[PDB]
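Participant: One structure, as structure tokens, below. Some questions next.
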Amino acid sequence: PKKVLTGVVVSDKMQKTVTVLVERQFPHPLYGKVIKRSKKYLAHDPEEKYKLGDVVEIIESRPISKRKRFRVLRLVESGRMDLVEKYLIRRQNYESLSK
Amino acid sequence: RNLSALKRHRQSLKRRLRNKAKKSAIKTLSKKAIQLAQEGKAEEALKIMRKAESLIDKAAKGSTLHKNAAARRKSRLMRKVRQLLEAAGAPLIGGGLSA
Amino acid sequence: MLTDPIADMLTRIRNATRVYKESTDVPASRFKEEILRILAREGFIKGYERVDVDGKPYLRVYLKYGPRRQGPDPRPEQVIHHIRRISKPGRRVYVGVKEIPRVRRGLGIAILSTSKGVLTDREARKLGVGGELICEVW
Amino acid sequence: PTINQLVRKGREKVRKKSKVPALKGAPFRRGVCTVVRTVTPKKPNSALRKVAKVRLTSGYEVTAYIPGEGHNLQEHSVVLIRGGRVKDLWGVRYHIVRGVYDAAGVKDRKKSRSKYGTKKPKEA
Amino acid sequence: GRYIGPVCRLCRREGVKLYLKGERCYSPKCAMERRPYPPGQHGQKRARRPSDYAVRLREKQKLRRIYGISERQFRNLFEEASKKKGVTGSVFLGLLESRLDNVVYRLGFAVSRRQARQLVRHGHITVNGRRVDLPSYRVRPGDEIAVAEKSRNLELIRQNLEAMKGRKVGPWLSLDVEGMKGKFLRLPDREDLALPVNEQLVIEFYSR
Amino acid sequence: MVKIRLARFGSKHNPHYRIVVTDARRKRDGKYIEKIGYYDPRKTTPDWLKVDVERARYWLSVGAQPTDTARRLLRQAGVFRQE
RNA sequence: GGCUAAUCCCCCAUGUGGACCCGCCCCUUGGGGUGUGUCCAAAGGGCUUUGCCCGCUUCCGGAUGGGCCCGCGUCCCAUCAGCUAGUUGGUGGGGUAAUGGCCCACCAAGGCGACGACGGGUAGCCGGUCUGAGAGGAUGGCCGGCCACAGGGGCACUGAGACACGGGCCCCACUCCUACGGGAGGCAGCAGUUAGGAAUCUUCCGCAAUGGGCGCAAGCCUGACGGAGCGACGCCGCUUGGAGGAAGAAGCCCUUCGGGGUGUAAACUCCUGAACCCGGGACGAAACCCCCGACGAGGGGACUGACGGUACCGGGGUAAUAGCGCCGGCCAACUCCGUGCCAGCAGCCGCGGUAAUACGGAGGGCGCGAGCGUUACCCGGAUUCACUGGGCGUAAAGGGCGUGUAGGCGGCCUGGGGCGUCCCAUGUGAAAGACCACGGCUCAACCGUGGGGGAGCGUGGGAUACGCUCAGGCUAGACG
Ligand SMILES: [Mg+2]
Ligand SMILES: [Mg+2]
Ligand SMILES: [Mg+2]
Ligand SMILES: [Mg+2]
Ligand SMILES: [Mg+2]
Ligand SMILES: [Mg+2]
Ligand SMILES: [Mg+2]
Ligand SMILES: [Mg+2]
Ligand SMILES: [Mg+2]
Ligand SMILES: [Mg+2]
Ligand SMILES: [Mg+2]
Ligand SMILES: [Mg+2]
Ligand SMILES: [Mg+2]
Ligand SMILES: [Mg+2]
Ligand SMILES: [Mg+2]
Ligand SMILES: [Mg+2]
Ligand SMILES: [Mg+2]
Ligand SMILES: [Mg+2]
Ligand SMILES: [Mg+2]
Ligand SMILES: [Mg+2]
Ligand SMILES: [Mg+2]
Ligand SMILES: [Mg+2]
Ligand SMILES: [Mg+2]
Ligand SMILES: [Mg+2]
Ligand SMILES: [Mg+2]
Ligand SMILES: [Mg+2]
Ligand SMILES: [Mg+2]
Ligand SMILES: [Mg+2]
Ligand SMILES: [Mg+2]
Ligand SMILES: [Mg+2]
Ligand SMILES: [Mg+2]
Ligand SMILES: [Mg+2]
Ligand SMILES: [Mg+2]
Ligand SMILES: [Mg+2]
Ligand SMILES: [Mg+2]
Ligand SMILES: [Mg+2]
Ligand SMILES: [Mg+2]
Ligand SMILES: [Mg+2]
Ligand SMILES: [Mg+2]
Ligand SMILES: [Mg+2]
Ligand SMILES: [Mg+2]
Ligand SMILES: [Mg+2]
Ligand SMILES: [Mg+2]
Ligand SMILES: [Mg+2]
Ligand SMILES: [Mg+2]
Ligand SMILES: [Mg+2]
Ligand SMILES: [Mg+2]
Ligand SMILES: [Mg+2]
Ligand SMILES: [Mg+2]
Ligand SMILES: [Mg+2]
Ligand SMILES: [Mg+2]
Ligand SMILES: [Mg+2]
Ligand SMILES: [Mg+2]
Ligand SMILES: [Mg+2]
Ligand SMILES: [Mg+2]
Ligand SMILES: [Mg+2]
Ligand SMILES: [Mg+2]
Ligand SMILES: [Mg+2]
Ligand SMILES: [Mg+2]
Ligand SMILES: [Mg+2]
Ligand SMILES: [Mg+2]
Ligand SMILES: [Mg+2]
Ligand SMILES: [Mg+2]
Ligand SMILES: [Mg+2]
Ligand SMILES: [Mg+2]
Ligand SMILES: [Mg+2]
Ligand SMILES: [Mg+2]
Ligand SMILES: [Mg+2]
Ligand SMILES: [Mg+2]
Ligand SMILES: [Mg+2]
Ligand SMILES: [Mg+2]
Ligand SMILES: [Mg+2]
Ligand SMILES: [Mg+2]
Ligand SMILES: [Mg+2]
Ligand SMILES: [Mg+2]
Ligand SMILES: [Mg+2]
Ligand SMILES: [Mg+2]
Ligand SMILES: [Mg+2]
Ligand SMILES: [Mg+2]
Ligand SMILES: [Mg+2]
Ligand SMILES: [Mg+2]
Ligand SMILES: [Mg+2]
Ligand SMILES: [Mg+2]
Ligand SMILES: [Mg+2]
Ligand SMILES: [Mg+2]
Ligand SMILES: [Mg+2]
Ligand SMILES: [Mg+2]
Ligand SMILES: [Mg+2]
Ligand SMILES: [Mg+2]
Ligand SMILES: [Mg+2]
Ligand SMILES: [Mg+2]
Ligand SMILES: [Mg+2]
Ligand SMILES: [Mg+2]
Ligand SMILES: [Mg+2]
Ligand SMILES: [Mg+2]
Ligand SMILES: [Mg+2]
Ligand SMILES: [Mg+2]
Ligand SMILES: [Mg+2]
Ligand SMILES: [Mg+2]
Ligand SMILES: [Mg+2]
Ligand SMILES: [Mg+2]
Ligand SMILES: [Mg+2]
Ligand SMILES: [Mg+2]
Ligand SMILES: [Mg+2]
Ligand SMILES: [Mg+2]
Ligand SMILES: [Mg+2]
Ligand SMILES: [Mg+2]
Ligand SMILES: [Zn+2]
């Protein structure tokens with residue numbers, strides 16, 4: 001199984017590359033609540049087909065750059081900009097919390 | 001003292017020189033063909049180019065290259081020769097190239 | 001707002017019994033109704049019915065007690081001596097089939113809600129499935 | 001604390017301090033006396049307690065108790081340090097070990113001789 | 001080596017008769033006749049009510065002192081028993097009773113458990129035809145515990161054997177006195193055994 | 001060169017051998033590919049050797065080579081008899 | 001500077017086939033086919049030399065070994081809050097077996113971070129181990145797996161493979177040689193020395209076995225290894241005797257002066273017979289080779305020990321080492337004398353300032369026993385970081401109040417999906433350990449053989465109550 005993941009495209013800034021966001025829920029190892037984490041996958045959009053606020057499948061791949069191991073399989077859904085707004089905000093919140 | 005795989009070093013030296021030579025030959029020739037291509041003097045470029053190809057496969061025969069090593073060097077060369085042959089190329093010898 | 005409705009049922013029941021009521025209204029839903037069906041079957045409540053209260057529908061859980069008693073404290077034994085939630089929102093719990101619990105060495109139960117439906121401990125074992133471990137009762 | 005709080009924060013495992021820097025963790029260290037002396041015990045008792053300040057091979061210098069009755073030790077003696085405190089004296093965290101190195105055993109002592117480092121008496 | 005010294009004093013300290021002494025632990029000299037109180041200055045003085053600990057201790061003690069076995073051997077054998085599938089007290093007892101020295105005793109070749117340990121030790125004893133000297137050898141049911149024909153002529157051996165004429169052997173064994181051959185037919189039970197010991201007190205000792 | 005050989009599993013003065021398939025270059029006593037047999041020099045049991053031929057045959061098909069001792073055991077069990 | 005052989009090097013030839021550029025087809029990341037053009041091979045040696053053995057060349061597959069990449073897991077500090085220039089992507093290129101800012105130029109301006117980036121501290125990781133009723137805590141010595149390093153730092157060459165512990169270049173520290181020009185080293189390999197330390201072995205034996213290198217072989221090499229030596233370091237077995245023997249010697253102990261204790265203990269009686277002496281005396285070892293058959297199969301068939309004259313069998317044979325802690329409570333075991341806030345004891349409580357069962361001896365007692373105590377460290381106890389399993393009115397603990405971001409959490413009805421969750425199948429979960437059974441050394445320790453278990457993760461199939469989710473209702477919450 002080359003691994004597939006599903007995520008939301010939260011950054012298109014780069015050339016031929018999209019920042020993809022993939023959530024994982026998993027039961028916590030002691031306390032046993034289900035905790036829901038995530039990471040940004042850096043994923044290879046050759047034709048600049050994919051656009052921000054999409055939702056994609058991402059597939060484990062032959063390496064593209066340092067940091068790109070994954071390319072973009074399909075379009076599961078287009079149009080979740082809410083999700084993007086979440087991420088944009090989490091990072092927006094960073095601007096507090098310092099000095 | 002005087003452990004006698006001392007001899008091994010002794011040999012490894014000679015081998016060194018032999019590889020180095022063979023490989024220099026290769027380079028100087030390759031570049032020769034390339035310049036010749038830039039110039040678009042087509043048939044000349046080709047005859048060098050074939051000497052180069054051959055000398056490469058020869059280098060391959062032994063421990064200078066082997067492998068895909070040579071094949072890489074060859075594909076690179078030929079591509080570049082042919083590409084370089086458009087400024088009105090009309091590839092005269094066409095010895096090395098599939099028509 | 002109400003928050004874990006199933007806890008709130010089991011609780012309405014816990015209180016009701018300790019002050020020895022004949023019955024109580026827990027506001028209703030098919031999942032509670034299923035939890036109850038199992039209670040009745042298992043002998044903890046008398047039974048339950050569907051009622052309406054100022055139009056909005058509930059469930060009368062009719063209650064079981066022991067017989068009256070000797071000396072000071074005539075209050076009869078409880079039938080549900082113990083009732084408690086296990087999985088809760090905010091910590092959910094799931095047993096595999098080989099983890100389903102022996103409650104009070106068997107004299108109590110565990111309501112598991114499974115993909116096969118809501119069943120008791122033994123019921124799930126004999127059925128061979130796992131689930132969300134809802135409460136134990138005894 | 002809620003559970004979400006235990007996930008967020010989680011219990012604190014608890015450290016401890018070593019009542020003994022003999023450092024090194026070692027079961028004993030060797031060292032060289034400086035002072036051999038006596039001191040006045042803490043409140044609930046009265047007596048004369050024999051003890052040596054020591055330089056230890058650990059780059060470490062400590063008052064250490066001299067158990068038994070008869071003690072030979074003097075200012076250049078080299079002794080082996082034990083660990084364990086004398087509850088009513090100030091700053092003595094370790095014991096000297098009799099029979100080892102310069103500290104000799106308690107002479108005339110017939111009873112608990114593993115401790116006190118005294119060999120066994122003959123008989124005929 | 002497990003305790004070698006004035007035994008009849010242990011008859012005394014455990015308060016009860018444990019004959020490691022053979023005859024004379026029969027003949028009314030055991031001192032357990034007319035001097036049953038324990039040894040030392042304070043033996044004849046009053047008994048302070050024994051701690052729960054004390055109780056458990058001296059029961060474990062009685063039970064070990066019987067078999068003359070090292071505490072090491074004993075407790076290792078014991079935890080053996082508590083792993084072993086089934087009821088610990090009994091399992092244990094069966095194990096101790098399964099000791100070769102013990103079987104030699106039970107079979108009546110020697111008058112003391114201890115004497116029999118010497119018998120095993122000095123190779124006067126064979127099992128299924130093969131000599132064994134290790135007192136701790138495990139006799140498995142079906143095994144045949146026999147005297148060694150080389151020593152079958154021995155004073156002491158035939159001695160004890162003749163006194164063993166017409167006497168009956170425990171039911172988990174069989175004996176033939178003309179051939180000294182014997183057989184350990186089964187591992188014995190609590191009931192099969194008369195032991196003046198509450199085993200759960202010993203299990204209880206090892207709880208803590 | 002993937003070999004077949006005795007590796008040493010007993011105790012001191014009590015050898016027992018796992019006859020095994022392993023790369024030439026492992027330790028004698030370290031990770032093997034497959035254990036096809038066992039050997040008992042002092043022959044303390046009626047089972048002092050075993051093979052699973054059709055396995056030894058496989059590993060021969062792919063050109064494992066045995067020890068001379070190993071070959072001896074193999075032939076004892078006759079991976080070799082063709083008749 | 002000169003001579004010269006080769007399975008050393010080179011050049012033509014042949015092209016089974018293969019490499020490469022462009023075309024076509026299939027496949028789908030650089031997989032496979034094909035056509036044309038170009039380029040590519042080789043080594044000889046031994047025999048009984050008419051035939052075989054040993055090799056050599058190009059290719060295709062196999063096997064085993066590895067490179068690289070991805071998900072997930074992997075300690076403490078937030079009194080470390082921001083970090084980032086090859087840094088983040090791209091185009092072309094160099095490099096490699098091979099993807100890749102791995103590198104280089106040029107272009108864009110990105111990438112990461114409270115879900116803890118950066119920083120600092122510690123640290124080889126795992127199989128497992130110890131502890132625990134479990135969850136958990138602690139750890140990673142030996143054996144097995146992986147990594148990493150070989151005086152410190154850099155570097156490449158050779159090669160299938162290395163950036164190479166007993167190979168090479170350079171810098172640095174140190175030791176030694178030095179005609180002062182310059183050279184030589186590299187035990188974290190087996191032993192051994194030296195320092196440091198509380199402390200850790202022999203400069204032994206052997207190539208007989210097993211394994212590895214080269215060899216057609218015979219065979220050489222192997223401080224891998226198999227053994228022996230040392231140290232109660234640990235485990236396991238074993239001995240210091242067995243039975244009889246006083247209403248109980250003497251000495252020593254208390255004494256209420258009647259006696260009580262040591263104690264069946266001893267003496268002595270009798271029996272066995274550790275050590276030790278004597279003879280026999282191993283397995284481990286049947287291959288390689290031998291011959292017959294064809295150097296196969298098969299069949300027979302002989303040589304080959306370090307450990308060792310050891311283990312063991314037979315014979316003969318001597319009553320033949322006991323220690324250590326403790327006895328106020330926790331805690332099993334009490335009395336006399338001595339000392340008199342001294343000397344001392346002491347884990348905690350707390351003993352000793354004249355009757356001390358707590359100090360020191362003695363008699364006696366308990367516990368263990370070739371051990372027994374001590375210190376250190378780990379878990380336990382400790383439900384005292386509380387997932388199992390704690391708390392916050394006065395005991396430590398509600399933030400001075402609010403608004404509200406992330407986040408956590410979410411009423412009733414129906415439907416889709418099936419992500420969580422559950423079930424089945426299968427792969428994986430090496431071996432060793434652990435658990436079960438049987439067995440092998442007289443037993444065990446130790447070993448073998450077999451069985452079983454197992455969280456987790458891959459794949460396929462299935463269920464849909466709850467939890468997600470998407471679509472649609474509702475009005476009991478909320479707002480109006
Ligand atoms: Mg873009
Ligand atoms: Mg790229
Ligand atoms: Mg910022
Ligand atoms: Mg050579
Ligand atoms: Mg040039
Ligand atoms: Mg490339
Ligand atoms: Mg009903
Ligand atoms: Mg729970
Ligand atoms: Mg005072
Ligand atoms: Mg049991
Ligand atoms: Mg059972
Ligand atoms: Mg029976
Ligand atoms: Mg226990
Ligand atoms: Mg390898
Ligand atoms: Mg097998
Ligand atoms: Mg074959
Ligand atoms: Mg010359
Ligand atoms: Mg010359
Ligand atoms: Mg050549
Ligand atoms: Mg050619
Ligand atoms: Mg062709
Ligand atoms: Mg093609
Ligand atoms: Mg062609
Ligand atoms: Mg030629
Ligand atoms: Mg190949
Ligand atoms: Mg691979
Ligand atoms: Mg990771
Ligand atoms: Mg830079
Ligand atoms: Mg740059
Ligand atoms: Mg590139
Ligand atoms: Mg994250
Ligand atoms: Mg480190
Ligand atoms: Mg560590
Ligand atoms: Mg355990
Ligand atoms: Mg606990
Ligand atoms: Mg705990
Ligand atoms: Mg761990
Ligand atoms: Mg760890
Ligand atoms: Mg390690
Ligand atoms: Mg290791
Ligand atoms: Mg690996
Ligand atoms: Mg280094
Ligand atoms: Mg060094
Ligand atoms: Mg270096
Ligand atoms: Mg090579
Ligand atoms: Mg190379
Ligand atoms: Mg390379
Ligand atoms: Mg290296
Ligand atoms: Mg070296
Ligand atoms: Mg040099
Ligand atoms: Mg020293
Ligand atoms: Mg050694
Ligand atoms: Mg050899
Ligand atoms: Mg060999
Ligand atoms: Mg020959
Ligand atoms: Mg040599
Ligand atoms: Mg060795
Ligand atoms: Mg010692
Ligand atoms: Mg022992
Ligand atoms: Mg006697
Ligand atoms: Mg007397
Ligand atoms: Mg005799
Ligand atoms: Mg043989
Ligand atoms: Mg032999
Ligand atoms: Mg032979
Ligand atoms: Mg012939
Ligand atoms: Mg043959
Ligand atoms: Mg033969
Ligand atoms: Mg040989
Ligand atoms: Mg010999
Ligand atoms: Mg003998
Ligand atoms: Mg004899
Ligand atoms: Mg004697
Ligand atoms: Mg007491
Ligand atoms: Mg004391
Ligand atoms: Mg006085
Ligand atoms: Mg006094
Ligand atoms: Mg007083
Ligand atoms: Mg006293
Ligand atoms: Mg005391
Ligand atoms: Mg005292
Ligand atoms: Mg005494
Ligand atoms: Mg010890
Ligand atoms: Mg602790
Ligand atoms: Mg809790
Ligand atoms: Mg848990
Ligand atoms: Mg509390
Ligand atoms: Mg107050
Ligand atoms: Mg308070
Ligand atoms: Mg307040
Ligand atoms: Mg306050
Ligand atoms: Mg609010
Ligand atoms: Mg919110
Ligand atoms: Mg709900
Ligand atoms: Mg699913
Ligand atoms: Mg499975
Ligand atoms: Mg296993
Ligand atoms: Mg093992
Ligand atoms: Mg084992
Ligand atoms: Mg056995
Ligand atoms: Mg599945
Ligand atoms: Mg459905
Ligand atoms: Mg549904
Ligand atoms: Mg369905
Ligand atoms: Mg939600
Ligand atoms: Mg709605
Ligand atoms: Mg309305
Ligand atoms: Zn008696």
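Ordered as shown in the structure tokens, chains take letters A, B, and onward, while each chain numbers its residues from 1 and ligands are numbered from 1 in the order shown.
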Write out as a PyMOL selection string which residues come within 12 Å of residue D:61 when counting only C-alpha atoms (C1' of nucleotides), dropping same-chain ones fewer than 4 positions away.
Facilitator: chain D and resi 21-23+29-35+52-57+81+91-94
Participant: Name the residues of stretch 15-81 of chain F that come out as helix (DSSP H, G or I) in a backbone DSSP run; write them as a list in words.
Facilitator: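 So the helix (DSSP H, G or I) residues in stretch 15-81 of chain F would be residues 53, 54, 55, 56, 57, 58, 59, 60, 61, 68, 69, 70, 71, 72, 73, 74, 75 and 76 of chain F.
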Participant: Would you list the residues that come within 10 Å of ligand 39? Count only C-alpha atoms (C1' of nucleotides) and all ligand atoms and give the answer as a count of residues only.
Facilitator: 6
Participant: Just the residues within 9 Å of residue G:115, please, counting only C-alpha atoms (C1' of nucleotides), with nothing from its chain fewer than 4 positions along; format it as a count of residues only.
Facilitator: 4
Participant: Which value, in Å to one decimal, gives the distance between atom CA of residue E:114 and atom CA of residue E:140?
Facilitator: 20.9 Å
Participant: Ligand 67: which residues are within 10 Å, counting only C-alpha atoms (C1' of nucleotides) and all ligand atoms? Reply as a PDB file with N, CA and C atoms (P, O5', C5', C4', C3', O3' and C1' of nucleotides), in the first residue's frame.
Facilitator:
```pdb
ATOM      1  N   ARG F  72      26.678 -33.856   5.226  1.00  0.00           N
ATOM      2  CA  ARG F  72      26.618 -35.183   5.820  1.00  0.00           C
ATOM      3  C   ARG F  72      25.279 -35.468   6.497  1.00  0.00           C
ATOM      4  N   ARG F  75      22.372 -35.711   3.926  1.00  0.00           N
ATOM      5  CA  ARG F  75      22.424 -36.954   3.186  1.00  0.00           C
ATOM      6  C   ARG F  75      22.045 -38.093   4.079  1.00  0.00           C
ATOM      7  N   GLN F  76      22.263 -37.921   5.377  1.00  0.00           N
ATOM      8  CA  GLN F  76      21.864 -38.935   6.323  1.00  0.00           C
ATOM      9  C   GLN F  76      20.348 -39.076   6.184  1.00  0.00           C
ATOM     10  N   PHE F  80      19.448 -36.177  -0.577  1.00  0.00           N
ATOM     11  CA  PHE F  80      20.194 -36.557  -1.761  1.00  0.00           C
ATOM     12  C   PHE F  80      19.759 -37.786  -2.558  1.00  0.00           C
ATOM     13  N   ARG F  81      19.261 -38.820  -1.880  1.00  0.00           N
ATOM     14  CA  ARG F  81      18.822 -40.032  -2.582  1.00  0.00           C
ATOM     15  C   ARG F  81      17.860 -39.610  -3.688  1.00  0.00           C
TER      16      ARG F  81
ATOM     17  P     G G 296      31.198 -38.380  -6.253  1.00  0.00           P
ATOM     18  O5'   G G 296      29.745 -38.114  -6.888  1.00  0.00           O
ATOM     19  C5'   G G 296      29.216 -36.795  -7.032  1.00  0.00           C
ATOM     20  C4'   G G 296      27.773 -36.769  -7.515  1.00  0.00           C
ATOM     21  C3'   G G 296      26.770 -37.569  -6.715  1.00  0.00           C
ATOM     22  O3'   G G 296      26.384 -36.884  -5.541  1.00  0.00           O
ATOM     23  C1'   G G 296      26.406 -37.954  -9.012  1.00  0.00           C
ATOM     24  P     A G 297      26.275 -37.673  -4.149  1.00  0.00           P
ATOM     25  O5'   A G 297      25.073 -38.683  -4.404  1.00  0.00           O
ATOM     26  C5'   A G 297      23.786 -38.224  -4.794  1.00  0.00           C
ATOM     27  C4'   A G 297      22.885 -39.388  -5.111  1.00  0.00           C
ATOM     28  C3'   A G 297      22.948 -40.551  -4.138  1.00  0.00           C
ATOM     29  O3'   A G 297      22.258 -40.325  -2.926  1.00  0.00           O
ATOM     30  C1'   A G 297      23.066 -41.391  -6.330  1.00  0.00           C
ATOM     31  P     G G 298      22.946 -40.731  -1.531  1.00  0.00           P
ATOM     32  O5'   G G 298      23.059 -42.309  -1.627  1.00  0.00           O
ATOM     33  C5'   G G 298      21.880 -43.046  -1.843  1.00  0.00           C
ATOM     34  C4'   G G 298      22.164 -44.442  -2.275  1.00  0.00           C
ATOM     35  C3'   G G 298      23.229 -45.167  -1.487  1.00  0.00           C
ATOM     36  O3'   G G 298      22.860 -45.569  -0.178  1.00  0.00           O
ATOM     37  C1'   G G 298      23.684 -45.466  -3.738  1.00  0.00           C
ATOM     38  P     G G 299      23.956 -45.508   1.012  1.00  0.00           P
ATOM     39  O5'   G G 299      24.640 -46.941   0.972  1.00  0.00           O
ATOM     40  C5'   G G 299      23.987 -48.027   0.334  1.00  0.00           C
ATOM     41  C4'   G G 299      24.997 -48.952  -0.264  1.00  0.00           C
ATOM     42  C3'   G G 299      26.177 -49.231   0.641  1.00  0.00           C
ATOM     43  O3'   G G 299      25.897 -50.136   1.702  1.00  0.00           O
ATOM     44  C1'   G G 299      26.993 -48.656  -1.480  1.00  0.00           C
ATOM     45  P     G G 300      25.655 -49.570   3.192  1.00  0.00           P
ATOM     46  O5'   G G 300      26.882 -48.587   3.438  1.00  0.00           O
ATOM     47  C5'   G G 300      28.038 -49.024   4.134  1.00  0.00           C
ATOM     48  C4'   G G 300      28.744 -50.152   3.422  1.00  0.00           C
ATOM     49  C3'   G G 300      30.160 -50.405   3.894  1.00  0.00           C
ATOM     50  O3'   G G 300      30.225 -51.148   5.096  1.00  0.00           O
ATOM     51  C1'   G G 300      30.193 -50.206   1.568  1.00  0.00           C
TER      52        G G 300
END
```
Participant: Identify, counting only C-alpha atoms (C1' of nucleotides) and all ligand atoms, the protein, DNA and RNA residues located within 10 Å of ligand 24, and give them as a ChimeraX atom specification.
Facilitator: /G:11,42-44
Participant: Please identify every polymer residue within 6 Å of ligand 7, using only C-alpha atoms (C1' of nucleotides) and all ligand atoms, and present the set as a list in words.
Facilitator: residues 47, 48 and 49 of chain C
Participant: Select, as an MDAnalysis selection string, those residues of chain G with any atom no more than 6 Å from chain E (distances computed using only C-alpha atoms (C1' of nucleotides)).
Facilitator: chainID G and resid 242 261 265 364 442:443
Participant: State, in Å with one decimal place, the distance from atom CA of residue F:18 to atom CA of residue F:35.
Facilitator: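 Taking atom CA of residue F:18 as the start and atom CA of residue F:35 as the end point, the length is 6.4 Å.
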Participant: So how far away is atom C1' of residue G:400 from atom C1' of residue G:385, in Å?
Facilitator: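 For atom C1' of residue G:385 relative to atom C1' of residue G:400, the distance reads 29.1 Å.
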Participant: Could you pull the residues within 7 Å of stretch 97-102 of chain D, counting only C-alpha atoms (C1' of nucleotides), minus those fewer than 3 positions along the same chain, as a ChimeraX atom specification?
Facilitator: /D:77-82,105,116-118
Participant: Now that the selection is made, can you save its residues with N, CA, C and O atoms as a compact mmCIF listing (two decimals), in the first residue's frame?
Facilitator:
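Saved file out_34.txt follows:
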```txt
# COMPACT_ATOMS: atom_id res chain seq x y z
N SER D 77 45.14 10.00 58.53
CA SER D 77 44.56 8.70 58.26
C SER D 77 43.77 8.74 56.95
O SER D 77 43.20 9.78 56.58
N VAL D 78 43.78 7.61 56.24
CA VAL D 78 42.95 7.45 55.06
C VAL D 78 41.97 6.32 55.30
O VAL D 78 42.34 5.20 55.65
N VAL D 79 40.70 6.66 55.09
CA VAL D 79 39.57 5.91 55.58
C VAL D 79 38.51 5.69 54.46
O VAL D 79 38.52 6.39 53.44
N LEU D 80 37.64 4.69 54.64
CA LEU D 80 36.55 4.45 53.70
C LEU D 80 35.17 4.84 54.23
O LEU D 80 34.72 4.40 55.29
N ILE D 81 34.48 5.64 53.45
CA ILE D 81 33.29 6.34 53.90
C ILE D 81 32.03 5.53 53.59
O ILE D 81 32.00 4.81 52.59
N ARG D 82 31.00 5.60 54.45
CA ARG D 82 29.87 4.64 54.38
C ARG D 82 28.51 5.15 53.99
O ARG D 82 27.77 4.51 53.24
N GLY D 105 39.65 -2.09 63.56
CA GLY D 105 38.39 -2.55 64.11
C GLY D 105 38.25 -2.24 65.58
O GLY D 105 39.22 -1.77 66.21
N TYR D 116 31.64 -2.87 62.59
CA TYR D 116 32.71 -2.65 63.59
C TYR D 116 34.04 -3.31 63.18
O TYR D 116 35.08 -3.07 63.78
N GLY D 117 33.97 -4.08 62.11
CA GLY D 117 35.15 -4.56 61.43
C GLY D 117 36.15 -5.20 62.35
O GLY D 117 37.31 -4.83 62.35
N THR D 118 35.73 -6.16 63.14
CA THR D 118 36.65 -6.78 64.07
C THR D 118 36.71 -8.26 63.80
O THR D 118 35.67 -8.91 63.69
```
Participant: Write as a count of residues only the residues around ligand 81, taking 9 Å as the cut-off and counting only C-alpha atoms (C1' of nucleotides) and all ligand atoms.
Facilitator: 6
Participant: Using only C-alpha atoms (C1' of nucleotides) and all ligand atoms, which residues have at least one atom no more than 8 Å from ligand 1? Output them as a compact mmCIF listing (two decimals) with N, CA and C atoms, in the first residue's frame.
Facilitator:
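Output file result34.txt is given in full below:
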```txt
# COMPACT_ATOMS: atom_id res chain seq x y z
N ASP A 12 -1.36 27.55 -1.15
CA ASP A 12 -0.95 27.42 -2.54
C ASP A 12 0.28 28.25 -2.93
N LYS A 13 0.90 28.95 -1.98
CA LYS A 13 1.94 29.94 -2.30
C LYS A 13 2.97 29.42 -3.27
N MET A 14 3.52 28.25 -2.99
CA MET A 14 4.62 27.71 -3.79
C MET A 14 4.33 27.40 -5.26
N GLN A 15 5.42 27.27 -6.01
CA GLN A 15 5.36 26.85 -7.40
C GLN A 15 5.13 25.35 -7.46
N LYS A 16 4.02 24.92 -8.07
CA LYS A 16 3.72 23.49 -8.25
C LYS A 16 3.60 22.67 -6.94
N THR A 17 3.34 23.34 -5.83
CA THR A 17 3.29 22.65 -4.55
C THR A 17 2.14 23.19 -3.73
N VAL A 18 1.44 22.32 -3.01
CA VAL A 18 0.37 22.77 -2.14
C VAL A 18 0.56 22.29 -0.72
N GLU A 48 -0.71 22.74 -11.27
CA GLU A 48 -1.35 23.80 -10.49
C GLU A 48 -2.88 23.68 -10.62
N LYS A 51 -6.38 24.00 -5.87
CA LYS A 51 -6.53 25.37 -5.40
C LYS A 51 -6.93 25.41 -3.94
```
Participant: Give me, as a ChimeraX atom specification, all polymer residues having an atom no more than 12 Å from residue G:192, counting only C-alpha atoms (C1' of nucleotides) and skipping those fewer than 2 positions away in the same chain.
Facilitator: /G:187,190,194,201-203
Participant: At a cut-off of 12 Å, using only C-alpha atoms (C1' of nucleotides), what residues contact residue C:105? Leave out same-chain residues fewer than 3 positions from it and give the result as a list in words.
Facilitator: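 Here the qualifying residues turn out to be residues 101, 102, 108, 109, 110, 121, 122 and 138 of chain C.
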